[PDB]
Amino acid sequence: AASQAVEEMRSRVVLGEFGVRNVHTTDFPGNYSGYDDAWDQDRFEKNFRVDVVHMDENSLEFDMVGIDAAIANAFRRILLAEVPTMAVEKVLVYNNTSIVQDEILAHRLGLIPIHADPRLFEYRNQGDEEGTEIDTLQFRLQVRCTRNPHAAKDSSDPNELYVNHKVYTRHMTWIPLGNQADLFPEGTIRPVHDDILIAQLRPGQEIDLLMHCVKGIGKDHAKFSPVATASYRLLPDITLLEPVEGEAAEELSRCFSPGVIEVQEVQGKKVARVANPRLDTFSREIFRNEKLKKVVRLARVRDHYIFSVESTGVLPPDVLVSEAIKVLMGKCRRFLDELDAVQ
Amino acid sequence: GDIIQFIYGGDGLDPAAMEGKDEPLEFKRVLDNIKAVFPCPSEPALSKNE
Amino acid sequence: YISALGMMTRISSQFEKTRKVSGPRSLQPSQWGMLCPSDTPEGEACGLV
Amino acid sequence: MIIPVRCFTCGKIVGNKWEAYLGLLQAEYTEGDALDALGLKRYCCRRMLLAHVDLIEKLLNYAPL
Amino acid sequence: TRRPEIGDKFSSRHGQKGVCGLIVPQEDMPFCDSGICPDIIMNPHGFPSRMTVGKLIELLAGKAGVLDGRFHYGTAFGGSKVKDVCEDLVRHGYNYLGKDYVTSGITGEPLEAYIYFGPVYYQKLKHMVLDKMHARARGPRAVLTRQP
Amino acid sequence: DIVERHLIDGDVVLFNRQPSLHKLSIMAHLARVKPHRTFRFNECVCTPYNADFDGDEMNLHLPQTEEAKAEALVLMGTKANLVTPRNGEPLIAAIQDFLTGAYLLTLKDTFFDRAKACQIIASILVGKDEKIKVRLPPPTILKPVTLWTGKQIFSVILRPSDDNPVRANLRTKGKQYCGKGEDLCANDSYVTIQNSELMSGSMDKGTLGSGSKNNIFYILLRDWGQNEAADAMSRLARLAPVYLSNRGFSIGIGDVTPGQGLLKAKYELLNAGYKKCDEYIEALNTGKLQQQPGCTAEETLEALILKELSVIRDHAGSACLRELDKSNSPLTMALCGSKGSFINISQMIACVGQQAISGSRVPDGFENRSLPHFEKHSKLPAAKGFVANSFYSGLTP
Amino acid sequence: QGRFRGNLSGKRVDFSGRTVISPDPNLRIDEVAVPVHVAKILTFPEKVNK
Amino acid sequence: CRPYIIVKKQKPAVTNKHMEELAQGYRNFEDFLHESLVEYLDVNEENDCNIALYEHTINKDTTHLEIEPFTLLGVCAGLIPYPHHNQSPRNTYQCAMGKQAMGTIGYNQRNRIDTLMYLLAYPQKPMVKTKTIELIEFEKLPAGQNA
Amino acid sequence: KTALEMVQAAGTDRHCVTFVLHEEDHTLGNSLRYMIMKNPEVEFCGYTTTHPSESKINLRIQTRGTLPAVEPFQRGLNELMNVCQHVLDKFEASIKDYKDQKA
Amino acid sequence: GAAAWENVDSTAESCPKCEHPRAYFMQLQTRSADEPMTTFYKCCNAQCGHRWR
Amino acid sequence: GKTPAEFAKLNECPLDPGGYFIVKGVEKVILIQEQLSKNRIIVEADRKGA
Amino acid sequence: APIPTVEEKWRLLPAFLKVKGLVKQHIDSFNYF
Amino acid sequence: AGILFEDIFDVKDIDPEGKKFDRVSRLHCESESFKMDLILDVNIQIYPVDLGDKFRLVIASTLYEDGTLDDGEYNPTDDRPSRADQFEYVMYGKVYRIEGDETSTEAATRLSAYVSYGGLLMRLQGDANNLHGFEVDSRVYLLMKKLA
Ligand SMILES: [Mg+2]
Ligand SMILES: [Zn+2]
Ligand SMILES: [Zn+2]
């Protein structure tokens, strides 16, 4: 009926053959006459929930129910650009004989993440390029490539010919200042992956430099982005308008993901159904089969967002989401304080 | 000082200000715009003679 | 590298822009399998290089 | 001339695996299973590790030394 | 060491010469279901008039290649056909036409129409605004005629 | 005292391109400063400058006299030169990525809720428009759901505020007008605006573009001055991109692929045309062929073959346009007229037409034949320049 | 490049610039953006008044 | 002059066995020239001869077979992926821009000292590469990236 | 110096207020737009960006009756504060429960 | 003669002037500054003489 | 007749196509000239039509 | 019954490039000079 | 009681020229009491209709049955006894054209009202006696309810 269509438009997002419909969020007071879409904190707190389905190192997957697309996009953008971290900006070079350009070398060193906790540091004030113990870190790199004194006569591979020919990120050493040695235990301040290839050297060449790691946000530069990929997708809910049986059911299993549609034998005949719509990617291949277009209906839930966040190793992603929420709270508090100062 | 034309194009109209196809105005569109912008509901209609 | 490799196989015309005849500047069927039809400098040298 | 640290689109650290990728080129593994073992689900990192050319060796062959 | 900025000319291996008009942050950029954000945004309006279907074919072949770890050939009057790359796309789980479900990065809501993503070979040209910008003060003049 | 101040906002500055064809190639604008390094301006002025943003350099001259600055602002003002003196047709108007956006906005299928409509309306409240009332129009459908159509949002551009005295009125026909609708067209191609409010029709290049008269901006310029038309154009150029980005408009390989029935019709038409061409060849070579009056026999054969090939092309294009479904980006762009046409779509999808050199078929460069790959004295279609396949399926050498 | 055509009918001037263009819809049709680098070079002589 | 495979009695002179022996190294192109299998043809000479683009196009009156169609394009046009799906002015502009595209020049570009040189920081070989690219070894010296 | 208010015209009416927010982007603008959009006494709400070069936004609010259009702004700010506190607490509880059940 | 004159392709189309089936189209591609092609329609059954771009 | 290692010892790229002379340090390339074939009768229409 | 087609026909092209082709023209000309 | 028109119509055709749109269809209806033809555009996605369905339609000047013509603005959040409460599909529009029938060259008595529902057309044609009160450029409401 009409109420069914209204509910489908309000709560579901249908994906047609040529375009997507019901993409706009409309649950606002005044849009729907037969519903009280006015804000209610109690109903919001009741319907909202967060369930983590997978959480390991540098990877987090969790479903949020009850939140809106605006707040989800805000969280995503805060995580992508508005989370402060520690990265290298200033590079002091001392007789670089490497073939790699000094500017390219500094740019590569800037992209290297730092395992230092960003909350324990503060933003560097305008000026003061020397830097203070509170808001700076020093990483000294010094690699000299020379021929191996003892090696084979042929030594076709460069590994046996020379030593330290590949300057990995493990060669750099953190130099504490003031009381950073006592505050930070040994092993905490270090490169993240310890295996990043910075450059390759030859005998006679040498790389000597000092990196001044400072605080910054991802909006200013991509090197401060703590997350590699932080995104969210709507939870698919594949529904079957008519029961699908026979060999066409197998076609259904070949149209969608192998892990969403499961087939079984109720009375010896094959019948397909939805097992786990989470693993589906919505390739929209079911539209290729002419017969099976009128039996399925691809849909997305408007208030069920699966967030996937892959951290770069600076800190676990749960703390990243917490810091994003804290940054949003701080922005709200700054705006409230400004409004109060105006009045 | 020799005069080329006693009047430019025989009428003296600006080609850039030509609102019609080589004509200064299009009476139908102007009349429709006048009717639409100034609709008088408290005044009666007019016959041919009036 | 592509620029030098292409310039190493360039051919100029005898007219050398004496008059815009547009005859030799066109693409003739005789260039089949011998000269690249699409490759030509854009500008006044079109059809002569 | 060298493998970049981060991918252009996403930004995941991908240079540290480059040598390992070369190691996966020294074993029986082909391109696909190597990229799968490297944990590159998104095709951007796969493109970054596949379409890259290692010209650093040819340049160091012309290095002063 | 020059960084791409507004005014840098770019080619696309298909004659679609372009110029950087705007640099948007990553947060303003749309994303896929997996979280991929494409780098460069190309105007579709240049396709119908310039009939550059070969660019779309190259995009599809490159997407299939980066999916299956292969190098599809674009040989003239030959090369890999559309059917093979479509089968590769339907095997790897992506759409067989390149168009995918894309959510807007700014509003956070999905787009009405599907967007065409794909890895394309972009090449930068020597024509940069940094070497073409030229302003003129009073300055010197010529000896014969006192003109700039 | 004379102080040589830096170029700041509000200074009238010239703007010129090296190839100057008409007077509109060099125009005076208001200078603004930005941290970037390029000359940025509204794209609606790209038509007089004939620019395409493909690396073309542009000149900029700054007068050093108050009289010159005033003359530049008055005579060479952008708002005062919206029409060319050649025939009075407006040049500064909507352009690509603006015609298609406004066309998709003014479609009858578009319906927006309160939040999205409010966002789209507020997307223009910048600059001098920061101190005007929004004047949110009443919704059309309110009982089941409260929705605002795209045409009301487009009309908001004409009359943003309540105190705005602009009352635009226009009544004209579009490009896809059926000829019998008269504001009742099935394609909805009859443009009708009353009191700066779009009543019916779909905006396209025929009404928003710089093609010819009956443009809405031209009517605004002629009926309410230059400032109102300039403000309306600014609001459109600041509204259309936002909606076009928030909606999504892409072209894929599936948008240009042919259909099954299209391929069948193409095959049948090619077979019929080849049979008719063979019949004409046999009639001319052996026997008497009907000579077209005013020309010889061989020219008559060439004209008949060209006519048959072009008939095949037009029929294949009609079949492709009939089989193409809506929401197709090339088809939508051809309907709105922003870029491309039905001929380009037919050439890309259905079939490429006869390659005509100097209004004739490909001449025989070799002896009695165009290429050695064909028989001598053979006047077959494909042997003389016809292209059987399309760009999608691939072209023969 | 003679006196008549190269030095009388058309001649080079100062206080001018040449730059690459790029689209910007956020600006009015009668407005144009000028880079800061060119703005710091091109100067306008203003007379001091009350 | 251009090489062409001699065709007699509706069958090419070159068979699969000859190509296998060529691949294994038993013969070279000069051996094909000597054994009356491939011969050079001039424009005036090919004006009187009949050429076929493919085997399915071979008819009774055929004297030579085209070796490869994509050899029609030169060096720059070979860089265009699927050039037969694009407009010819587009291909011309693409060749003109590729003649000016920045990228790596050679292995000795670091020691080379020219008046003006443009290099790419992170060059990448194209994903959709033509056989001409592999023949000219352009993949070893790319002039662009994949985005 | 960050957030300022602009009246609709010289009349200095409080019904239509344009908040100019500096050092802001689409994130907080859209979040506040969604949060204050559900207010029943708001006729029109809408944010926009002046220019992508500068980091400032303009958010116009027009209420129904004689509301100063500043009180709905603070109401939406407090509501977003409450929503953020709730989602933070819920996420922390979920992470703690997951880490506990993992062992 | 009208019979010899109607040696054209376009038949039963929609012209932008009177919207009638009869038509006489000419397609031109000799423009490099203007990337799109060029049309010239000649709608003439009742001797209207329609000639535009 | 040199190996890529011998090219590296001489500071020359093996992939360099060559074919150009080196004079005063600059690289000059002699373009392939195209000319009408000699010793051949050419029949053509005169400027007057003969 | 279509005529069989040599699959590796394009292999005739690299063998030709080994002695002639891109740059060998000017080289052979200067050597003959 | 600003009821300008009231009748019951039956749909004779859904789309005479095919499904030209997704959310909008060109309804053609005929009245049963009078000889009133109706060409209408509505939103079938929120209000679907069928060929064999009949609906009672009312064209009113105001949405309040008490007679108060205060329609300067409309707030959807208002809760009060109104005409829309007694109907199912309400559209707010503006009558913008009145045109006489051209078929009857003499003794013509049929007129047609063209109304724009924000691009959704509404042509109501019939005897001029039934169209009493309709004036050009007049903002009105349309209320429809399906019947058994
Ligand atoms: Mg240009
Ligand atoms: Zn990546
Ligand atoms: Zn007609």
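Residues numbered from 1 in each chain as written, not as in the entry; some residues may be left out. Chains lettered and ligands numbered in written order. Part of a larger assembly, values for the part shown. Heavy atoms only, no water. Residues with missing side-chain atoms left out of burial classes, pairs and counts.

As stated in the entry header, the method of structure determination is cryo-EM and the reported resolution is 4.1 Å.

Novice: An account of the coordination of the zinc ion (ligand 2) is needed here, citing residue identities and associated values.
Specialist: Residue and element names in this part refer to chain D. Those protein atoms acting as donors to the zinc ion (ligand 2) are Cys 7 (SG), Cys 10 (SG), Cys 44 (SG) and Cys 45 (SG), and they sit at 2.5 Å. In terms of primary sequence, the donors binding the zinc ion (ligand 2) are separated according to C-x2-C-x33-C-C. For the pair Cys 7 and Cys 10, one class covers both residues: buried. (Donors = N, O, S within 2.8 Å, 3.2 Å for Na, K, Ca; no water. Buried < 20%, exposed > 50% of the residue type's maximum accessible area, 1.4 Å probe, protein only.)

Novice: Any details on the arrangement of the chains? Residues and values, ideally.
Specialist: For the 31 pairs of chains in contact, the maximum contact count is reached by chains F and G. The two units chain B and chain C remain apart, with a minimum C-alpha distance of 35 Å. For the non-touching pair chain B and chain G, the nearest C-alpha separation works out to 19 Å. (Contact = heavy atoms within 4.5 Å.)

Novice: Help me get a handle on the interface of chain F and chain G, residues and values and all.
Specialist: Between chain F and chain G, the contact holds 53 residues from the first and 33 residues from the second. Taken together, the two surfaces of chain F and chain G that pack against each other cover about 4600 Å², and 58% of this comes from carbon and sulfur. When the area that chain F buries against chain G is broken down by residue, the three leading residues are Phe39(F), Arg40(F) and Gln64(F), summing to 14%. Inspection of the chain F/chain G interface yields three salt bridges. Where chain F packs against chain G, one counts 27 residue pairs in polar contact. Secondary structure elements with two or more residues in the side of chain F that touches chain G: β1 (2-6), β2 (12-16), β3 (26-34), β4 (39-41), β5 (57-61) and α7 (226-247) of chain F. In terms of residue count, the dominant contributor to the side of chain F that touches chain G is α7(F) (seven residues). By residue class, the composition of the side of chain F that touches chain G is 25 nonpolar, 13 polar and 15 charged. (Buried area = accessible area lost by both parts, 1.4 Å probe. Salt bridge = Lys/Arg side-chain N within 4 Å of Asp/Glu carboxyl O. Polar contact = N/O pair within 3.5 Å; in protein donor to acceptor, adjacent residues only side chain to side chain. Helix = DSSP H or I, 4+ residues; strand = E, 2+ residues; numbered from the N terminus. Nonpolar A, V, L, I, M, F, W, Y, C, P; charged D, E, K, R; others polar.)

Novice: So what's going on with the packing of helix α3 (residues 69-81) of chain A against helix α8 (residues 317-342) of chain A? Which residues, and what values?
Specialist: Residues and elements named next belong to chain A. Between α3 and α8, the least distance of the axes is 9 Å, while the angle of their chain directions is 105 degrees. In terms of their interaxial angle, α3 and α8 are classed as roughly perpendicular. Taken together, the residues of α8 that come into contact with α3 (itself represented by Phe 75, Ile 78 and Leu 79) are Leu 320, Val 321, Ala 324, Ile 325, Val 327, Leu 328 and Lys 331. The residue inventory of the contact of α3 with α8, partitioned by class, reads nine nonpolar, no polar and one charged. (Axes fitted to C-alpha atoms, helices over the stretch in contact; angles between N-to-C directions. Parallel < 35°, antiparallel > 145°, perpendicular 65-115°, else oblique.)

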